[PDB]
Amino acid sequence: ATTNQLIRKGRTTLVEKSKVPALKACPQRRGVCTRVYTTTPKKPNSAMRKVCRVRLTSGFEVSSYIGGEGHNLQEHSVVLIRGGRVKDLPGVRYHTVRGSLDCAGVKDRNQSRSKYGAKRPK
Amino acid sequence: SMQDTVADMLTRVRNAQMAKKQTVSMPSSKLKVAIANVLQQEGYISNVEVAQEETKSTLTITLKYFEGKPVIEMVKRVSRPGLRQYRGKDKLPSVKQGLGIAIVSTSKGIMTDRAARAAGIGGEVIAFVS
RNA sequence: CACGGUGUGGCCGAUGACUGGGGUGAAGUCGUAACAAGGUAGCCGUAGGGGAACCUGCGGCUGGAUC
RNA sequence: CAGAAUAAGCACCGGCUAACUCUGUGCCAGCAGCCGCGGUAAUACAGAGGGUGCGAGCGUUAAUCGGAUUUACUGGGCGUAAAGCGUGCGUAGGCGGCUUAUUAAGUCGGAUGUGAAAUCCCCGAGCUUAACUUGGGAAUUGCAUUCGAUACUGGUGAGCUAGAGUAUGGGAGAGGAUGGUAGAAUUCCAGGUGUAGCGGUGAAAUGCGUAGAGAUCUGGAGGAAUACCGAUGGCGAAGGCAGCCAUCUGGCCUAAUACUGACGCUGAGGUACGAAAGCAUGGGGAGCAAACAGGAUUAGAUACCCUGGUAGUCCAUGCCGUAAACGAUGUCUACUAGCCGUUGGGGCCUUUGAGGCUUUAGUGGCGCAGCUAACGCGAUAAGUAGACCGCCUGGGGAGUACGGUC
RNA sequence: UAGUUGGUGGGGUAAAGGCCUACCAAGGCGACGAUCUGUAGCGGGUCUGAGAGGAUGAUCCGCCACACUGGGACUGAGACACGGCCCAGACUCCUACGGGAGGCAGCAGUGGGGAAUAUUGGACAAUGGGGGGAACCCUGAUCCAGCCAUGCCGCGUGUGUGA
């Protein structure tokens, strides 16, 4: 561009959108479990992965993955959700914090315990 | 149309050096003669001549080649009609860490950035030569 | 003069029986339009026709093979 | 005074990235920031052993700048990757030839005042050290007033002709608008000669014909288009423009004097022109031919092929405003090896008439330097520079919805 | 845009002024963005960046504005006044039904919201502020204490020997 063109119209910046709109710029959110179920991965992956549709205090309804092996979640549980995508599951952009409100820490786990929220064995 | 005669002169010199001519000629003006005088004093060119027929004035410059390459390896116009550039005495540009010269027009005439800093004045930055 | 009332008209937002198109997924069904001269060279504008990719008329381009 | 007595966890070990093996499970369970692991030997899943990095902390999520030259002022692009408006004219604006005198607005320099303290940085001081506190500096890149300089830009006065334009001679052209007119051919009609086929296809059939075709000869009617010349030719801003003649009319090339004296370039908004198809009103209709009808082909044919055929294609008066409207290359100016063609002019030379050198404005083919990712471009630049404008910022959704104008 | 832009006479203010008023005139602003509309307290500063820039305005300091929601004025040197007055509105409380009362965006604290942020503490000894001649009184400013690994800095959880 010429100097005159820049003076008449300056450079324009395009705004950026967040990848976790439902959090509304908060580290975590609290929600009530609306539907717990399992889904199947996108190709070339094959499994049965545990997810749940949750309604948040932000006024949104989203889907959240459940990490670890073995959970006690069910209908109407109260859970804390954080950010993080599952990649091979389309549309699942959030994670459930293990052992926070009604979710419990995984059992018989001795490494990476701070994740999955398992206390020290005696 | 032609709107920057100084840029035209610098372009003529650059093209002549790249084509390996011995002399280059153009329509003349006092500003062009003043710039050519500074170039000759600094040693980038050999001879500057002015001829007058009746009212037309022709300026002729003799070029220098040392070894195989031309002496002037780079000449850039800095101030242009679409953007004038003015510098204070403490912000005069340095060319190739002092191995090249910046041509500056000050209230005491046309000189190099070195002489301008010595005299403690600023002005318009015409060109970089190296 | 604040608050309030009446009538009429704007704008924003939420909501609505029904309806239209878009994307993603899985390849269930009907074909084979494009990629080679892809088996009628392809594409652009416009008009008409057709279950569907598309077909035909007029003008244009080579980002068309062989001669 | 007492006595080691009261006091270590968290993440990770396929690559990006320092640190590897064994068991358990078998596209399951599961991991995952990106690329990707697991479908019987998993250094990538879980446990264990070992190790690595941190350490009263260790990890995850969220947010800002950076890396991102990924809005490019410093510091990017537009032939083919995204990107030059279809083409002109022109308003505001931006920029603008040479010489001279003057002004001191831009520009540069000095002085004075101000720019609170805290904060940042430097030299010290006090905290057992450090954080922290604190003295003095430096800095606060700015603003205002006043005094100076005049090279450049701007203003004013004067002058000049290389840009731009005017008058007089000559030249080429499918440039435009209007009206006449000529020949070839197709269709139809009328009439002679004449008698069983004609037509069409890969092969056929639909179709035409014994109330007489097709073929051949004569005459008539009507519409549309202009063979040969014809050309990598010409003219036009682009879209485009071809028989011949007259009338009205625009631009271009070329020679020398004369004249004005910067009167210039570009151009947001705006405005004019703008292929084909399409629309409105009235005419015309030979040939061709969307839609449609029939015959074939095919598994099916909606198509390609064949026989017919209506809008339309043509004219007058208006609208529409879009094309791969392309050189996929905005306009203007200057400079930078050569070789070979062609169109319209000027000049010189022979020497008698046809050639040979130059110069100018167009139009083509190669190619040095230079440029480019490469292909390629290369005086008709995509090279070297200047002025102004338009446009681009991953692929889809999408030149779409809503609103508005026409 | 019609008190709108300017002028004259008058009024009004501590003070210039369409600040108000009666006439006279038709001006004033706008592509250098008027009007309308969305968002927003501003600066010294803070974070990042080689710089140019970008993001930001907790804690400290200066300025501005507000005090349940709107409209007013009084007293006073000074207010259109957080813990003053009048009026209107919504809400809450006491009542013997006669009549009344109130405003934590001061400190502590409760409910609610939220991923999430503390004690219904001590003293005016120090620095300030108000009153008083003084003695002295008041001061949730302030100076201190309590809670929280929230951050920065420092220390410890032992040392040598021992195959």
Side-chain angles (χ1 to χ4, degrees), chain A residues 1-14 16 18-20 23-30 40-50 56-58 67-70 80-88 90-91 94-95 97 100-101 106 108-115 117 120, chain B residues 1-21 24 26-31 34-35 53-58 75-77 79-91 104-111 116 119-126:
Chain A
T2 56
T3 312
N4 225 52
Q5 269 159 330
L6 286 171
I7 279 152
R8 298 200 275 120
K9 332 149 183 215
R11 299 289 189 177
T12 119
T13 318
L14 38 142
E16 291 241 34
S18 168
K19 309 191 278 64
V20 283
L23 284 179
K24 261 158 100 213
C26 297
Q28 295 99 7
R29 268 327 183 107
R30 171 176 52 101
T40 178
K42 218 174 46 183
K43 282 188 190 306
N45 266 354
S46 91
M48 290 192 39
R49 277 188 230 287
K50 282 102 209 143
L56 302 155
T57 51
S58 320
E69 42 182 26
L80 210 56
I81 87 159
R82 60 194 253 258
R85 50 137 38 179
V86 201
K87 190 215 217 283
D88 91 352
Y94 303 106
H95 273 48
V97 186
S100 189
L101 281 183
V106 302
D108 311 313
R109 172 78 85 124
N110 211 134
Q111 310 172 354
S112 270
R113 269 190 298 98
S114 35
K115 319 167 168 179
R120 239 168 90 82
Chain B
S1 60
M2 176 126 66
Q3 294 170 37
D4 196 358
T5 48
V6 170
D8 179 37
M9 168 222 192
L10 302 186
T11 303
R12 277 182 199 235
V13 168
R14 202 194 296 105
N15 294 351
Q17 289 260 261
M18 200 186 324
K20 303 212 274 263
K21 307 262 157 164
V24 64
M26 59 219 81
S28 146
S29 85
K30 60 187 311 222
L31 178 54
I35 284 151
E53 318 309 335
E54 297 75 29
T55 42
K56 288 66 174 221
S57 280
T58 304
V75 47
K76 191 191 330 284
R77 180 85 152 118
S79 204
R80 34 183 204 88
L83 209 185
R84 300 291 179 179
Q85 174 150 318
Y86 306 107
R87 284 321 190 241
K89 91 179 152 182
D90 44 332
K91 305 202 143 43
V104 182
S105 183
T106 91
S107 77
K108 309 262 143 224
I110 305 192
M111 35 171 105
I121 39 178
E124 222 210 328
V125 190
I126 300 153

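We name chains A, B, ... by the order of the sequence lines, and we start the count at 1 in each one. Heavy-atom basis, side chains included; hydrogens, waters and symmetry copies ignored.
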Could you identify the nucleotide paired to [N], looking across every strand shown and requiring Watson-Crick or G-U wobble geometry with both distances under 3.5 Å?
N      : value
D:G194 : none
D:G33  : D:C16
E:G45  : E:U56

Quiz item: Who are the side chain to side chain donor-acceptor pair (under 3.5 Å) partners of A:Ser46, not counting sequence neighbours?
Solution: none

Self-check item: By side chain to side chain donor-acceptor pair (under 3.5 Å) - contacts of A:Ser58 (at least two apart)
Solution: A:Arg29

Quiz item: From D:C332, D:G30, E:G114, pick the nucleotide closest to the side chain of B:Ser1?
Solution: D:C332

Practice problem: Side chain of A:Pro27 only, please: which of D:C34, D:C389, D:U61 is the nearest? | Solution: D:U61

Can you confirm whether [N] and [M] pair in Watson-Crick or G-U wobble fashion, both distances under 3.5 Å?
N      : M      : result
D:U329 : D:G79  : no
D:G282 : D:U307 : no
D:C263 : D:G163 : yes

Collect all protein-nucleotide pairs involving nucleotides 97-101 of chain D in which both atoms are nitrogen or oxygen and the distance is under 3.5 Å.
from  : atom 1 : to      : atom 2 : distance (Å)
D:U99 : OP1    : B:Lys30 : N      : 3.1

Applying side chain to side chain contact (heavy atoms under 4.5 Å, CB included), name anything that partners [X], two or more places apart in sequence or on another chain.
X       : value
A:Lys87 : A:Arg85
B:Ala34 : B:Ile110
B:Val75 : B:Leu10, B:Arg14, B:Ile72, B:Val129
A:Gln5  : A:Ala1, A:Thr2, A:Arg8

Quiz item: With a non-hydrogen cut-off below 4.0 angstrom, is A:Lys50 in contact with a base, only sugar-phosphate, or nothing?
Solution: sugar-phosphate

Quiz item: Given the rule that a pair is Watson-Crick or G-U wobble with both distances under 3.5 Å, how would you write RNA chain C in dot-bracket, using | for pairs to a different strand?
Solution: ........................................(((((((((....)))))))))|....

Using only heavy-atom distances, decide whether a donor-acceptor pair under 3.5 angstrom links the side-chain of [X] to the base of [N].
X        : N      : answer
B:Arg14  : D:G383 : no
B:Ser105 : D:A151 : yes
A:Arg30  : E:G114 : no

Quiz item: Can you name the salt bridge (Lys or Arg N to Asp or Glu O under 4.0 Å) partners of B:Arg12, sequence neighbours left out?
Solution: B:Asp8

Practice problem: Can you run down the salt bridge (charged side-chain N to carboxylate O under 4.0 Å, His left out) pairs that involve residues 81-91 of chain B, sequence neighbours left out, and say none if there aren't any? | Solution: B:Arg84-B:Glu124

Please tabulate the protein-to-nucleotide N/O contacts below 3.5 Å involving nucleotides 7-11 of chain D, giving atom names and distances.
from  : atom 1 : to       : atom 2 : distance (Å)
D:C10 : OP1    : A:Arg113 : NH2    : 2.8
D:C10 : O3'    : A:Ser114 : OG     : 3.0
D:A11 : OP1    : A:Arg113 : N      : 3.1
D:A11 : OP1    : A:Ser114 : N      : 3.0
D:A11 : OP1    : A:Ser114 : OG     : 2.2

Quiz item: Reading nucleotides 102-110 of chain D 5' to 3', which nucleotides get B (base under 4.0 Å from a protein heavy atom), which S (sugar-phosphate only), which -?
Solution: ----BSSSS

Quiz prompt | Donor-acceptor side-chain pairing of A:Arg82 and A:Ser100 below 3.5 angstrom | solution = no

Self-check item: Span that lies between the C1' atom of E:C107 and that of E:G122, in whole angstrom
Solution: 14 Å

